[PDB]
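As structure tokens, one chain now follows by itself in the form solved without the partner chain.
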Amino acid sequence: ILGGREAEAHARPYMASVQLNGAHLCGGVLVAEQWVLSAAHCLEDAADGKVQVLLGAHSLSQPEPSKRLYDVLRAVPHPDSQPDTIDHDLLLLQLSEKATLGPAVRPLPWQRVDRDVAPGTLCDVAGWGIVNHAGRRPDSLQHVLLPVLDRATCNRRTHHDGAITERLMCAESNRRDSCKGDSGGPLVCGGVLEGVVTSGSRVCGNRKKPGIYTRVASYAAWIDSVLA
């Protein structure tokens, strides 16, 4: 997270750290008792490596009573996702068992109505991604409040030049932004999950290249199919 601040410990009980061989790789969001939603590019080239999900965490390294590392039974990338595209960039992770719920571990209600979030809506994005241009990794969860950017501005030649489909959404990136390692994390608007940070490498903190987030409402039927 660039231009953000340390999040209040355990105030986002849905927050997941998707890890490969014990290292934070991507953000994630607990969407059901046994299911964590993330971005599909996260799992690319992971084939062999041990994928796990850390729930109830604030610090990645320190012991916390609510902190629990879960093994993964199944990794389900969207069938239409592709290495060289930003489309259908969603990944569903089935934990080895249903998560132990409590004040620091709870699924987040997610948007099923396929209508756009209003431009200007202040949304929350959290993560353990880099915090500066040098690549400094924070030990504890960071967050930033970002206003949603209308699709037409986001689609200008100066910005993302027509790459923003109706299944994608944008947020402003003026100094405050998601960055490397925030990929797959949640964009929460009015206490409801609206987007998943895309996992395509993108410049961070540049106003002319807004944040791109996959709209969960656009994939409601796919998320339901997988969980079933």
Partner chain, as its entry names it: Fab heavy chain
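Positions refer to the first chain, counted from 1. In this text, rigid core is short for the largest set of C-alphas that superpose within 1.5 Å between two forms.
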Task: Between 214-222 and 201-209, the one whose CA atoms sit farther away in 7 other deposited structures of this protein (rigid core aligned) - done: 201-209
TODO: With the rigid core held as the alignment frame, decide whether 53-61 or 192-200 lies farther from the shown form in 7 other deposited structures of this protein, in terms of RMS C-alpha distance.
DONE: 192-200
Open item on the list: If you take the mean CA temperature factor per stretch, which one wins between 112-120 and 70-78?
Closed with: 112-120
Open item on the list: So, looking at the entry's B-factor column for Cα atoms, which has the higher mean, 38-46 or 183-191?
Closed with: 38-46
Open item on the list: In terms of recorded Cα temperature factor, pick the maximum from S140, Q94, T153, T158.
Closed with: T158
- [ ] Choose from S199, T165, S59, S178 the residue with the greatest Cα B-factor as stated in the PDB record.
- [x] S199
Task: Lowest, middle or highest third - CA B-factor, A126 - done: lowest
Open item on the list: Considering every modelled residue of the chain and its Cα B-factor in the PDB entry, is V105 in the lowest, middle or highest third?
Closed with: lowest
Open item on the list: When the deposited Cα B-factors of this chain's modelled residues are ordered and cut into thirds, is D84 in the lowest, the middle or the highest one?
Closed with: highest
Task: Position of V18 among the chain's modelled residues by C-alpha B-factor, lowest, middle or highest third - done: lowest
Task: Third of the chain's Cα B-factor distribution that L227 belongs to, per the entry - done: highest
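In what follows, reference is made to the form deposited with the partner chain bound, a form of this protein that is not presented.
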Open item on the list: Whether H133 contacts the partner chain in the deposited complex should be assessed with a 4.5 Å heavy atom distance threshold; does it?
Closed with: no
Open item on the list: Just checking whether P147 would be counted as a contact of the partner chain in the deposited complex - the rule being heavy atoms within 4.5 angstroms.
Closed with: no
TODO: Please check if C42 has a heavy atom lying within 4.5 Å of any heavy atom of the partner chain in the deposited complex.
DONE: no
Task: Close approach of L54 to the partner chain in the deposited complex, 4.5 Å, heavy atom - done: no
- [ ] Let me know the one among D80, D139, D116, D71 whose heavy atoms come within 4.5 Å of the partner chain in the deposited complex, would you?
- [x] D116
Open item on the list: So if I measure heavy atom distances to the partner chain in the deposited complex, which of the stretches 60-68, 46-54, 196-204, 161-169 falls within 4.5 Å?
Closed with: 161-169
